[PDB]
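Chains as they are written, first to last, in the working numbering: chain A, -7 to 62; chain B, 49 to 191; chain C, 8 to 213; chain D, 21 to 83; chain E, 154 to 294; chain F, 119 to 256. Written below as structure tokens is the structure these notes are about.
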Amino acid sequence: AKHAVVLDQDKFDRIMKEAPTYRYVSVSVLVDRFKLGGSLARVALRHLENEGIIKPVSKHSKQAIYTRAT
Amino acid sequence: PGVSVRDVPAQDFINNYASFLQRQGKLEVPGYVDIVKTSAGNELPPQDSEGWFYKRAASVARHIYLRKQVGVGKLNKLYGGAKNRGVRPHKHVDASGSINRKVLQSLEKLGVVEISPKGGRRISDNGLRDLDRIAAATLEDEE
Amino acid sequence: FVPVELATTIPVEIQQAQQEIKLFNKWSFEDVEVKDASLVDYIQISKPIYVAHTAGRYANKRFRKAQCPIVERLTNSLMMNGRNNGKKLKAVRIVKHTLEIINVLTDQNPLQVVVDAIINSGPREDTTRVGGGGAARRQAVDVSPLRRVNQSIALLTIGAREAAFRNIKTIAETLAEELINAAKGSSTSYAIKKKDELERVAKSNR
Amino acid sequence: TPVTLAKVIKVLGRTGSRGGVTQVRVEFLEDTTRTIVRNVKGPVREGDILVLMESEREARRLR
Amino acid sequence: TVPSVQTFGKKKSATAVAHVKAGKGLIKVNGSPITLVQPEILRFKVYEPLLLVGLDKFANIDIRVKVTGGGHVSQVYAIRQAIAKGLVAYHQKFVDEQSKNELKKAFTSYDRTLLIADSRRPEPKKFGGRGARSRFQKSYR
Amino acid sequence: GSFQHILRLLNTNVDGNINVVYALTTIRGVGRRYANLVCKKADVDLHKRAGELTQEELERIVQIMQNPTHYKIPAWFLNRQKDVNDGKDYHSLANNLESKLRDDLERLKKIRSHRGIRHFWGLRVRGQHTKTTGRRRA
RNA sequence: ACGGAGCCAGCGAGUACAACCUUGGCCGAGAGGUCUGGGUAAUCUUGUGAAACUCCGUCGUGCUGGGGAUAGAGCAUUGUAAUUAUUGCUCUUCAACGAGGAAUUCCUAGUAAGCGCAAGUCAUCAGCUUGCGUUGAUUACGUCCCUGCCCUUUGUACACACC
């Protein structure tokens, strides 16, 4: 275990801070920052698709590319 | 027009059929739900848990529509797949018989399946109505 | 222009592509000049094809590997390792996802990044092991023209798959980065380093 | 990295103690009519262009 | 009464038979329309006969196919060869040749078999080895 | 957040975070499909990390672990069955199980059978060929 | 990998004096019990709707949900007989191995390598061999450097012939 998988409310504040205005947004991208490792990043990205925010490109399991809503 | 089952995609057909049954809750439940492996070779139980049977019963109904007469043993062979039998090559063996049989027994009383001659189970007159209504409902969802 | 009416209903977005522009999947296959004498003719953008999964009577005569479009070269190269031998459906799905990444990054036609990557990972000089008694002295022999293209496409996929060996960054993200680094010569990607480290060996024995 | 241009003018059989080398005569695109013999590893055809760092030096049959 | 020619294409064992008619414009595959197919990524391949010559040709011709043999991806070629011939059989009989000749030379530039039947069939596995050419592992120790 | 990490259950360790089933697999007796069967009775999400739980769920589970036939189990998803003379079945899922097997292995050694003789020397019991397998021994 | 959903081949084989292949219907969480057939076989099993694959979800780079070996208890079946686990199944037991040192084998296109299926032996037993069809590359399209084979020209004190 290399940390950054445990659920913290302090991190949930900083997810919404760093959500908007980015080129690359995916499961591949967020894990490079040591955020919610693995599957909890997919759940974090599932929140950001609901109320606009970040809009999709690909819609496959394991290949989930997104881009900011202009 | 030409409203048939084939205009609606096969994977998308079952989604509208599943929600249709859960509103009523009159397709009946056997008793073996979530005390279940699903097949003769399958390590993890159903991930869906709730619903589940309504997905299975919908996919059984649409296959009985296309073909003349489907049985219990063939449905087990169709749904069933691969194994991991220790350190040997992966084989193929039938799925759970008790789940797929009580789909066919329960759907008879609801009003879909009919007893056919020779062997197997064909479609009723009222069974073709509910298949087309949900197909027409799925046509409205797309269009 | 003019969506044609039949009994069967096709979406308009598909018919927008028809008649006017012979596209790839959605975006344009046209333009994309190579601009590097040696790789001209052998790298073929003039052939317009939609899907990268043809029948293929390629490897028969000798120089018929040139006829194959460069999009199909990348699909076949990813099939190595016995787990992934065969299964072009799995590769063809991945090759679409690599091109979607490049479209997002600074707009651009993604084949212009792919073609420039083939130029910047093809060695100029590759030494052949000459005997001359027994020892492994390496004489400086030159490289042209399919050997520059065939090595370059292989070295991209070796660098791509090794980067995604026990990793969240699955093949499509790594392969897209390798082409950007080669197109915009950064001296970081291993498509360039493995080419540059052989340069280099020829000049020592010259 | 001095990039000297080139072009194939004649294929000189299939040389070497082993099978993996092919002799070629090379004429230049820029500064025409300068013929020099030099080896090529891969396939060769009439009308092809060669990329090379070192041009004016001459190669022989590999042993 | 209606014009009916029974065109058929073939890639490996995967065979398909396209029974064309005159009418509105059906291009169905096993009952369902053109937009299913069911490999899903290879839906784009089945359009290639349509999008080259154009949808204007199919406004009169009504095709429907029954595919059997082979696998999943091999059957897409059987459909694509059947639909490609389906136009030519209609345009040869009851239409002027110059339209039908433009179909021929259009498909040559984008020649992914289309009209021509492919050459490759499987070859027998001979004794002593795990395949035709591949032999068993030796040992002389 | 971060409510408790170990977190004992019948003396054995149940590590915090992770999952319902795969944390419960740490117990010397519970496995990858039993804990799902036990979780089905209590009805809890497998989606959660499970180390951070309510206090009632641990005590409800332990009652199901001890008593097999009382709670909703078919009585054929059990570890051990039939012991002593003419009667009943029972199982265990803690340090009880590891201790039980050592006492049950002594029964085979006391009666002194083809298995019990083989268990003395540390050789293969289930009719295997010992001309290859496990070049180390114990 | 673990879930559902989608769902496509070709080679074969098969009892009436025996006990063969065996759909359809009930019993069972499985394996398997039973009532019935049909078939002496492009007629019934059988469309032998077989796998790998396709596509949305669950896990995500931790000997981990990867991997399955050792283990114990019982429920089935074939046998006069299964304790020296025949065979399959049901929960538990949960290791060894983070791409392999010198060496070394096979291979130029529907081939290589994944993938299962059928037959052969068969009362009951494929991790085997002989056959079939799906998925389908990279790389030569040349050479005697290495390991051996054919001729010519040379030398022989060998002719059960350089062991």
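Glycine is no exception: its CB is placed at the ideal position from the N, C-alpha and C atoms.
Short CB-CB distance (under 7 Å) between residue i and chain C
i	result
E/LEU256	no
E/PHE211	yes
E/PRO202	no
A/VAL49	yes
D/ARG34	no
D/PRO22	no
Alpha carbon of residue i to alpha carbon of residue j, nearest angstrom
i	j	result
F/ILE235	F/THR250	21 Å
A/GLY44	C/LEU112	21 Å
C/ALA14	B/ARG149	40 Å
E/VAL226	F/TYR152	42 Å
C/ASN83	C/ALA124	17 Å
C/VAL47	D/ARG81	29 Å
F/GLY240	F/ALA256	6 Å
F/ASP207	F/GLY147	17 Å
B/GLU191	B/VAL160	27 Å
B/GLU162	B/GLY168	9 Å
C/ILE56	E/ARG265	10 Å
C/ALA179	F/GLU174	47 Å
residue 114 of chain A	C/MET87	Given that chain A is displayed from residue -7 to residue 62, the structure contains no residue 114 of chain A and the question cannot be resolved.
C/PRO117	E/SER262	24 Å
F/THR143	F/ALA212	11 Å
A/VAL19	A/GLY30	7 Å
E/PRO202	C/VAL39	26 Å
C/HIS104	C/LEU186	13 Å
B/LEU187	B/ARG71	20 Å
F/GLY119	A/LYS3	11 Å
C/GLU27	C/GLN119	22 Å
B/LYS125	B/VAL84	18 Å
C/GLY138	D/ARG83	6 Å
F/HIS247	E/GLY162	57 Å
Beta carbon proximity, residue i to chain F, threshold 7 Å
i	result
A/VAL21	no
B/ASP178	no
A/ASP24	no
A/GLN55	no
Other residues of its chain near residue i: CB distance less than 6 Å, five sequence neighbours each side excluded
i	result
E/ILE216	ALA171, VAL173, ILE180 and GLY239
F/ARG167	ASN135
E/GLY282	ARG288 and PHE289
Nearest-angstrom Cβ-Cβ length linking residue i and residue j, presumed shorter than 8 Å
i	j	result
F/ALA160	F/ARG178	5 Å
C/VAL150	C/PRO130	6 Å
residue 31 of chain B	B/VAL51	With chain B covering 49 to 191 only, the question about residue 31 of chain B has no answer from this structure.
E/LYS164	C/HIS60	Actually they are not in contact, since the Cβ atoms of E/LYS164 and C/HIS60 sit about 13 Å apart, beyond 8 Å.
Any chain A beta carbon closer than 7 Å to residue i
i	result
F/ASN135	yes
F/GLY169	no
C/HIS60	no
residue 271 of chain C	One cannot answer for residue 271 of chain C here, as it falls past the ends of chain C, which runs 8 to 213.
Residue-chain proximity (residue i, chain E), Cβ-Cβ < 7 Å
i	result
B/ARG170	no
C/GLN25	yes
C/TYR65	no
B/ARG115	no
B/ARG54	yes
Own chain, CB closer than 8 Å to residue i, minus 5 neighbours either side, in chain order
i	result
E/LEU268	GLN234, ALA237, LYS238, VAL241, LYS257 and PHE260
A/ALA36	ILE7, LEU22, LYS27 and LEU28
C/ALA143	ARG136
E/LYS219	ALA169, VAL170 and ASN183
F/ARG150	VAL139, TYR140 and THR143
B/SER172	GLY159, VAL160, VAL161 and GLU162
Nonlocal neighbours in the same chain, by C-beta distance under 7 Å from residue i, ignoring five residues either side
i	result
E/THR221	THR168
C-beta neighbour in chain B for residue i, strict 7 Å
i	result
E/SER185	yes
Discussion item. Could you check whether the stretch 55 to 62 of chain D touches the stretch 159 to 173 of chain C, counting it as contact only if at least three pairs of C-beta atoms, one from each stretch, sit closer than 8 Å?
Written reply: no
Worksheet entry | the stretch 155 to 164 of chain B contacting the stretch 74 to 84 of chain B, beta-carbon criterion three pairs below 8 Å | yes
Worksheet item: Should the stretch 163 to 179 of chain C be regarded as contacting the stretch 196 to 206 of chain C, the criterion being three or more beta carbon pairs within less than 8 Å?
Response: yes
Discussion item. Using 8 Å as the cut-off, can you tell me whether the stretch 119 to 130 of chain B makes contact with the stretch 172 to 192 of chain F, which would need three or more C-beta pairs spanning the two stretches below that distance?
Written reply: no
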